[PDB]
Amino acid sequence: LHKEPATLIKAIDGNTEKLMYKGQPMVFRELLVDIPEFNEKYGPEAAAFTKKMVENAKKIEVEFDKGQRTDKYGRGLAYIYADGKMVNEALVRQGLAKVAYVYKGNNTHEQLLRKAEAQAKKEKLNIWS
């Protein structure tokens, strides 16, 4: 796998809906996680943690896995990094997302993320409280 550059695109409301990848706006869906929606418990917290992590970062990178790069809704499927720290792993490690959607061939970081989830669960953090 290899990391590639992207930048945040700031939406009219001040948040990031899309990343600019090879100079095109794209919604990216994080690989291997289920993140609660805003209306669900921990949803506001997951969103706020993501916003701080990506906005504070000097460098955003995306990393496609070995399988499908876009899903059925046209979203890019990747691991997202903020100054070299994976956003997908960080949400899981904080109990702000669960490991999920593990499909054949896009599963490279599965064990790493399950390791993070077990720690968040052992620590009874957030979703696991």
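The first residue of the sequence shown is number 1, and the count goes up from there.
Chemist: Report the stretch with the higher mean CA temperature factor, choosing between 120-128 and 2-10 on the basis of the entry.
Modeler: The stretch with the larger mean CA B-factor is 120-128.
Chemist: Do the CA atoms of 100-108 or those of 55-63 have the higher mean B-factor in the entry?
Modeler: The stretch with the larger average C-alpha B-factor is 100-108.
Chemist: Say you rank 29, 69, 85, 93 by Cα B-factor from the PDB entry; which sits at the top?
Modeler: Largest recorded C-alpha B-factor: 69.
Chemist: Comparing recorded Cα B-factors across 89, 34, 40, 45, which one is largest?
Modeler: Among 89, 34, 40, 45, the PDB entry lists the largest C-alpha B-factor for 40.
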